[PDB]
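Student: Just passing along the structure, written as structure tokens.
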Amino acid sequence: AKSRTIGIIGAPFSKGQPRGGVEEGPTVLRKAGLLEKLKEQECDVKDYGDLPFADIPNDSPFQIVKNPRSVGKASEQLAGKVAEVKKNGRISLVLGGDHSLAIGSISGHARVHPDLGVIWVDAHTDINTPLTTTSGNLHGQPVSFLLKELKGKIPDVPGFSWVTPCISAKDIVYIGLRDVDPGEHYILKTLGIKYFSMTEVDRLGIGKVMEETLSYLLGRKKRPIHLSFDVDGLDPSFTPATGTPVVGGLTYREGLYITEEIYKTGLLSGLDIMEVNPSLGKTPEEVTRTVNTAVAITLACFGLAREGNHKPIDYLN
Amino acid sequence: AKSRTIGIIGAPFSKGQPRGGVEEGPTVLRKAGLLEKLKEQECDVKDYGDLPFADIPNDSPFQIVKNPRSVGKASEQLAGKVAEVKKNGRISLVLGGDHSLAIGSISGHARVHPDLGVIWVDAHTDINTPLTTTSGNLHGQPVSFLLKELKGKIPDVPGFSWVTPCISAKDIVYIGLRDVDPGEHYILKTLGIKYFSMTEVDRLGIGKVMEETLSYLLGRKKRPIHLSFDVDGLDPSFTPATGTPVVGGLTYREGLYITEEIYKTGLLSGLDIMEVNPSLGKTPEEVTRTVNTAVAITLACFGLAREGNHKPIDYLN
Amino acid sequence: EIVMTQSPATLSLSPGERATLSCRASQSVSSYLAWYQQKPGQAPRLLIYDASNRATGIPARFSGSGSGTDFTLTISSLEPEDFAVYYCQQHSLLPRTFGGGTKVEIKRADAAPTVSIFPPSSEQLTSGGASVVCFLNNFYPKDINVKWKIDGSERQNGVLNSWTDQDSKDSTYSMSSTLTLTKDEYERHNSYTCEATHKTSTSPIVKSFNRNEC
Amino acid sequence: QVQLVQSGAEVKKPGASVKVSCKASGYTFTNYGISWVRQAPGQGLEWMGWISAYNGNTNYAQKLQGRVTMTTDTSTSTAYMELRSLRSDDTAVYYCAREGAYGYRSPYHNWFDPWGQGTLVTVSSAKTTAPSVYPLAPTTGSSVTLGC
Ligand SMILES: [Mn+2]
Ligand SMILES: [Mn+2]
Ligand SMILES: [Mn+2]
């Protein structure tokens, strides 16, 4: 139909995050059979192949930002590919990798629909700046490049010349924040970004939280929704095989729930599954739980609802 | 600011509880870096050192109550030190240890603010009497010394001469009770204490529970709040390295949530982290999960909120 | 367990030109590894931080490259203080394996070993042991095998070979053929032999003694 | 400058462990992360565990899970590593170094830049004893060495 029409983009890129090993992100999610587990319900699945990530050998660092140009080239390439698959009328399933790719994943999505919304389900806001981080790791600076209210204040870090900030600060909702460095929360409070952290998640209940999140984004006007989803935003009892595990995340139930509310609007238009890392599970059973979690999250995004999915013929026959 | 201004009081005392080993309570919480993990956000941290616990050699037992005078001397000493750090205008971070210390921890807090409230987050009520317990262990009788409605009925057990009951039965809320011996629940029902056990926690949802808890304590009038927090009140999947583990506790998410609601009133005025015991984890990984849990609980008390914490300067610079 | 393989196992180059070294990965480490300077009995200090870029107290000459399977360690201005066992070490895969060993020796003119063979003392024979050790001395390069014989019939299980580093001044090497026997086995035989074999030794250097000869 | 002062060379039988003191200085601590690596003499080297000093992330290695424990002490910038069920394969020099914290506020680091001086640990249950010196030193060679 309109929804569950999928363009898969595997993006094995790592150089935004330091723990090398997330480049077996799309490989493990595909060998866990995400394609065929879509194909039971009416999923128009078209794999577009993995993106080539060239290696700039002299990707010389910035002041704090390190590996900048590889990240910027990867996200520009992904912005072109996301714009391609959104001109294909599909829902962009862009899975990596790391949050560095979400720059172009939101950018190329805005190249077709400039008035979308971003549900950034993550343990962290990932809105550090190149100037006021202390890491310089670009797996936590995608959102700072994308907000128009931050323009004139973001440095011209190389690789990011193509970057146009494309989303508004009032057009993004964080859900499941649980570890924020101080620069990101000043940005969070000064821009007036609406957010439901694990405080507000527990306060309203996850259902009233998704109710008010859809009342904030879609309560004004129907518009495309871009669920960009980290897998450390869930609790590390379910996904310990991630890059930055922080205890106290969402239960696996509620992660599936957030995806199902985004489905039952019928307005899912872009999906990111980042920070999957099979190299950091202490046992392969940890990796198995993590990858089965992220697969079933992606299933419940496109309408593998826990209520049921059907084909409209009589089955008493 | 007003909140996140911390006076740390380590209190390595054990003789209220039988399982010796909780006297490495403040040692492990400090070597897990609770001080420095406060110091990112605006935490005025002033360590006041550990309290000396002298050993009464002939601490002769009562009828059922055993090691009474060491508990009473420790809690009187702690009542003086809590009154000292509350005259310092800070929020009393008193971490042990065991719930025997919470006598003086609520008493010295009432010596400055006589009309406070107690959020006793614990698996147990810990309101046995010296007469109608069957243990006689003073890690479960602090609340019976402190309620004015129980006066004329508490024995003059030695060491407890200084004890003035200081809080009202309508001024205390239990959250997360899950194993109560019969004497404590008769006290609980006859005094008309408001409480939200894991029944009522699941009934309202943890957010509506904290909503009605703040509506019960602060809905009448703004007043100081004394979160006295056990670490067995959470589920032993997260803290198995405690003294009395009972299955069915709060999720680690919801424990962090209860602390964050107490923060976002801006009225946190006293904090207890008791029953941490590194000696009872079957693996050191169990101890590691338990201590990281209790540390991040203490962080989310003083406003390491999961939404974010900031310093008010522009970070796009 | 990605195995990191260092293609120069040993190295002996004079104070002088480039000393380009090689370290290979079994996967794509992809510009995520380092280079070290383990002097004997010391701190294996960092040379090169992330396949390049020369960390924080590095002198002048320690460039290197990679990205991403078979990497380089260039020592362009050799500087003879740098004679140490070098290590590459992959990092961004668990568990984090190491290289094998890159012993950077001194290149000099091949020295011949001075070889002779030595009995047990009477002070030892009053204690009841036998320790017949041959003593090899001032040679280059390292490799010598020394054979022993029970008056013509070979020996092991006492025989131990142990080598030092290269010397500071004359830049030579080391071995004792540390062999231990019993006093009873000592007294039953006389002609105790030590057969050295070095590259400089065209013939295998045999030095011998009879018991009760010295 | 950026260092690691370790402590200290110690031998254990197969029994209790060597909590190796790995004292840091120079660089700001909990902006980075300290790991551990064994080296038996005449062998290669095996990394054996890395903690972030940022927040207690244990992250041990294969074949010892289990056997290793690693904590922080971040009052003083030291970090520690014990062991459990010790064994005569662990006759190894234990080095600690700084992998950088792989958290979120911590700078890009892949490369072990403090290195500590080492810790001589041989897991042997023998008794500490005096040596026993057994030479001789004085049959046609002009070159006559000697030794013990
Ligand atoms: Mn995250
Ligand atoms: Mn209890
Ligand atoms: Mn208790």
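Going through the structure tokens in order, the chains are called A, B, and so on, while each chain numbers its residues from 1 and the ligands are numbered from 1 in the order shown.
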Kindly provide, as a PyMOL selection string, all nucleotide and amino acid residues lying within 6 Å of ligand 3, counting only C-alpha atoms and all ligand atoms.

Tutor: chain B and resi 99+124+126+139-140

Student: Please produce an output containing C-alpha atoms for each residue in the selection, written as an mmCIF file, in the first residue's frame.

Tutor:
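Final output, out21.cif:
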```cif
data_model
loop_
_atom_site.group_PDB
_atom_site.id
_atom_site.type_symbol
_atom_site.label_atom_id
_atom_site.label_comp_id
_atom_site.auth_asym_id
_atom_site.auth_seq_id
_atom_site.Cartn_x
_atom_site.Cartn_y
_atom_site.Cartn_z
ATOM 1 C CA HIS B 99 18.013 1.712 57.218
ATOM 2 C CA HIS B 124 9.511 -3.334 52.934
ATOM 3 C CA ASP B 126 10.476 -1.164 57.822
ATOM 4 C CA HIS B 139 17.486 -2.272 59.620
ATOM 5 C CA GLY B 140 13.725 -2.654 59.639
#
```

Student: Might you pull out every residue within 9 Å of segment 309-313 of chain A, with only C-alpha atoms counted and same-chain residues fewer than 2 positions away left off, and present them as a PyMOL selection string?

Tutor: chain A and resi 40-42+303-307+315

Student: For ligand 1, collect every residue having any atom at a distance of at most 8 Å from a ligand atom (counting only C-alpha atoms and all ligand atoms); output as a ChimeraX atom specification.

Tutor: /A:122-126,140,230-233,243-245,275

Student: Selection from above, N, CA, C and O atoms, as an mmCIF file, in the first residue's frame, can you write it?

Tutor:
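Now in selection-v6.cif:
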```
data_model
loop_
_atom_site.group_PDB
_atom_site.id
_atom_site.type_symbol
_atom_site.label_atom_id
_atom_site.label_comp_id
_atom_site.auth_asym_id
_atom_site.auth_seq_id
_atom_site.Cartn_x
_atom_site.Cartn_y
_atom_site.Cartn_z
ATOM 1 N N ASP A 122 16.515 7.992 21.097
ATOM 2 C CA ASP A 122 17.917 7.778 21.400
ATOM 3 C C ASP A 122 18.113 8.030 22.884
ATOM 4 O O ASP A 122 17.389 8.820 23.491
ATOM 5 N N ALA A 123 19.114 7.349 23.448
ATOM 6 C CA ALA A 123 19.561 7.634 24.806
ATOM 7 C C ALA A 123 20.088 9.051 24.939
ATOM 8 O O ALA A 123 20.002 9.650 26.017
ATOM 9 N N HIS A 124 20.635 9.595 23.862
ATOM 10 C CA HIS A 124 21.308 10.876 23.870
ATOM 11 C C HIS A 124 20.589 11.792 22.893
ATOM 12 O O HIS A 124 19.851 11.338 22.023
ATOM 13 N N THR A 125 20.786 13.096 23.031
ATOM 14 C CA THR A 125 20.164 13.979 22.054
ATOM 15 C C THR A 125 20.930 13.958 20.745
ATOM 16 O O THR A 125 20.337 14.139 19.675
ATOM 17 N N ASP A 126 22.242 13.724 20.837
ATOM 18 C CA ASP A 126 23.190 13.854 19.733
ATOM 19 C C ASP A 126 23.097 15.221 19.064
ATOM 20 O O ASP A 126 22.996 15.332 17.843
ATOM 21 N N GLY A 140 27.511 11.715 17.416
ATOM 22 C CA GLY A 140 26.667 12.532 18.238
ATOM 23 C C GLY A 140 26.568 13.973 17.833
ATOM 24 O O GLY A 140 26.181 14.805 18.659
ATOM 25 N N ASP A 230 17.696 5.025 17.437
ATOM 26 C CA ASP A 230 18.885 4.386 17.963
ATOM 27 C C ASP A 230 18.474 3.112 18.678
ATOM 28 O O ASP A 230 17.361 2.997 19.194
ATOM 29 N N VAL A 231 19.395 2.153 18.715
ATOM 30 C CA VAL A 231 19.154 0.903 19.414
ATOM 31 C C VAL A 231 19.805 0.894 20.785
ATOM 32 O O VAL A 231 19.696 -0.099 21.506
ATOM 33 N N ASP A 232 20.469 1.979 21.175
ATOM 34 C CA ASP A 232 20.825 2.084 22.576
ATOM 35 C C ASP A 232 19.766 2.832 23.370
ATOM 36 O O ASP A 232 19.901 2.947 24.586
ATOM 37 N N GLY A 233 18.750 3.382 22.695
ATOM 38 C CA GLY A 233 17.662 4.033 23.400
ATOM 39 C C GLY A 233 16.819 3.062 24.193
ATOM 40 O O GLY A 233 16.176 3.447 25.171
ATOM 41 N N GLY A 243 26.952 0.646 20.648
ATOM 42 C CA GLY A 243 28.156 1.430 20.814
ATOM 43 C C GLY A 243 28.276 2.067 22.181
ATOM 44 O O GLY A 243 29.284 1.884 22.868
ATOM 45 N N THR A 244 27.251 2.816 22.592
ATOM 46 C CA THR A 244 27.239 3.523 23.870
ATOM 47 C C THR A 244 26.055 3.035 24.697
ATOM 48 O O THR A 244 24.987 3.664 24.694
ATOM 49 N N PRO A 245 26.204 1.927 25.419
ATOM 50 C CA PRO A 245 25.104 1.471 26.274
ATOM 51 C C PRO A 245 25.003 2.310 27.536
ATOM 52 O O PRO A 245 25.985 2.532 28.246
ATOM 53 N N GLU A 275 23.543 2.399 15.036
ATOM 54 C CA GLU A 275 24.345 1.990 16.192
ATOM 55 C C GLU A 275 24.240 0.505 16.514
ATOM 56 O O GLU A 275 24.551 0.092 17.636
#
```

Student: Ranking D:8, D:148, D:141, D:59 by minimum distance to residue 281 of chain A and counting only C-alpha atoms, which one comes first?

Tutor: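 Selected residue with least distance to residue 281 of chain A: D:59.
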
Student: Write down as a PyMOL selection string the residues belonging to segment 5-108 of chain D that are assigned strand (DSSP E) by DSSP computed on the backbone.

Tutor: chain D and resi 5-7+21-25+34-39+45-50+69-72+79-82+92-98

Student: Please list as an mmCIF file with N, CA, C and O atoms, in the first residue's frame every residue within 7 Å of residue 70 of chain B, counting only C-alpha atoms and excluding residues in the same chain fewer than 2 positions away.

Tutor:
```
data_model
loop_
_atom_site.group_PDB
_atom_site.id
_atom_site.type_symbol
_atom_site.label_atom_id
_atom_site.label_comp_id
_atom_site.auth_asym_id
_atom_site.auth_seq_id
_atom_site.Cartn_x
_atom_site.Cartn_y
_atom_site.Cartn_z
ATOM 1 N N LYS B 15 25.271 -2.656 62.081
ATOM 2 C CA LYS B 15 24.721 -3.477 63.157
ATOM 3 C C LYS B 15 23.200 -3.424 63.281
ATOM 4 O O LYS B 15 22.653 -4.073 64.178
ATOM 5 N N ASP B 55 32.531 1.098 68.658
ATOM 6 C CA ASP B 55 32.046 -0.250 68.917
ATOM 7 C C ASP B 55 31.787 -0.358 70.410
ATOM 8 O O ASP B 55 32.732 -0.392 71.205
ATOM 9 N N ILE B 56 30.514 -0.379 70.789
ATOM 10 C CA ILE B 56 30.126 -0.734 72.149
ATOM 11 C C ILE B 56 30.337 -2.237 72.268
ATOM 12 O O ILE B 56 29.653 -3.007 71.577
ATOM 13 N N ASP B 59 27.210 -4.361 73.882
ATOM 14 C CA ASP B 59 25.908 -3.957 73.360
ATOM 15 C C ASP B 59 24.975 -5.141 73.587
ATOM 16 O O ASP B 59 24.710 -5.953 72.697
ATOM 17 N N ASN B 67 21.811 -5.825 68.888
ATOM 18 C CA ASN B 67 22.618 -4.622 68.707
ATOM 19 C C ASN B 67 21.846 -3.299 68.776
ATOM 20 O O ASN B 67 21.851 -2.527 67.813
ATOM 21 N N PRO B 68 21.169 -2.988 69.911
ATOM 22 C CA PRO B 68 20.395 -1.738 69.938
ATOM 23 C C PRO B 68 21.221 -0.469 70.130
ATOM 24 O O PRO B 68 20.979 0.530 69.443
ATOM 25 N N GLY B 72 21.510 3.081 68.061
ATOM 26 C CA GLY B 72 21.028 4.336 68.616
ATOM 27 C C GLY B 72 22.104 5.403 68.691
ATOM 28 O O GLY B 72 21.845 6.576 68.405
ATOM 29 N N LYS B 73 23.331 5.005 69.038
ATOM 30 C CA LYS B 73 24.449 5.942 69.052
ATOM 31 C C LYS B 73 24.802 6.404 67.645
ATOM 32 O O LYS B 73 25.095 7.589 67.431
ATOM 33 N N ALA B 74 24.761 5.484 66.675
ATOM 34 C CA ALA B 74 25.045 5.836 65.289
ATOM 35 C C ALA B 74 24.005 6.795 64.736
ATOM 36 O O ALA B 74 24.347 7.768 64.055
#
```
